[PDB]
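Only one chain comes next, encoded as structure tokens, the form deposited in one PDB entry.
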């Protein structure tokens, strides 16, 4: 029998020596098999494959533990989906735009570009080693693995319509936000006052207004009694806050926010751009860059810097 030595892996760190029969496909010997994202399941070993690393699915206890420790998921289709995405994202270009790693437009990826740009402007530490390692590479300019992981974690395929708010929620669920705390008060003229404390991801995300200042002053929401009540921020402890809303025309003022996402389109398709407030307002659209002193557009998400806030409302 003719053979070569190859290595299998689920995390591309821990390698497992294999001797493969060159007369059988990889799939016949390992199950679904991938070589830097390419599906080689139906391929027979080549001599140039000797010594190379192949991803496989977790099909024994060692690999199951290695995969969970690296990715913090046990979804059976995760690795196949990660590899399927990577086969595309490894072909994308990741230019440095105004000091940040962006993504050249491809494969309807504008939501991923503004998510990637945003991450580089807020204080966030990921928990899965896979995201820690891939984010480090992304910041350096090699973002293919990070982008493919975002797709895999969010159960999105390359080319599929994505929402920035939902994408950030997934990423935040895999980040250490345990120190983040939000205290809110809701005041109804009929029912009185009710305080609520939120933690973790729920402490840094709000859906309903783009304005952090409005959230501090009070937003109108329905009370269960039927009257409109006012909800306002009592206390905030976090390094950033994310304020989101359905797209609406909104003015972004230099120096009053960190960055923002703009969505032009409708519920079936559209396009995202990124706005960042630095020495002026920069609009990053994949590889494209423009600047302006003022900015108005259909904004969906705005990010703000924070440390500790306490209301003066009594």
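Positions refer to the first chain, counted from 1.
From this point on, the text means the form solved in complex with a small molecule, which you will not see here.
- Note on contacts: among 237, 123, 142, 166, the single residue with a heavy atom within 4.5 Å of the small molecule in the bound PDB entry is 166.
- Only one of the listed residues (54, 250, 263, 282) places a non-hydrogen atom within 4.5 angstroms of the small molecule in the bound PDB entry, and that residue is 263.
- The stretch among 115 to 123, 94 to 102, 156 to 164, 142 to 150 whose residues place heavy atoms within 4.5 Å of the small molecule in the bound PDB entry is 156 to 164.
- In the bound PDB entry, none of the heavy atoms of residue 27 sits within 4.5 Å of a heavy atom of the small molecule.
- In the bound PDB entry, the small molecule sits beyond 4.5 Å of every heavy atom of residue 34.
- Contact check for residue 187: no non-hydrogen atom falls within 4.5 Å of the small molecule in the bound PDB entry.
- Although the partner is absent here, residue 268 lies within 4.5 Å of the small molecule in the bound PDB entry, judged by heavy atoms.
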